[PDB]
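With the entry's author numbering, the residue at position 10 of the sequence shown is 10, and numbering never jumps.
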Amino acid sequence: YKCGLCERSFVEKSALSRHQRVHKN
Ligand SMILES: [Zn+2]
């Protein structure tokens with residue numbers, strides 16, 4: 001799953017969700 005904001009490919013949506021801490025809109 002590509003973050004869109006930094007498109008790092010997170011294998012699982014859980015990780016993608018967690019990764020938003022990095023930007024959080
Ligand atoms: Zn990101």
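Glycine included, every Cβ here is placed at the ideal spot set by N, Cα and C.
Query, Result
"Span separating the alpha-carbon of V11 from that of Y1", "6 Å"
"Alpha-carbon spacing of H23 relative to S14, whole angstroms", "16 Å"
"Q20 versus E7 - alpha carbon distance", "11 Å"
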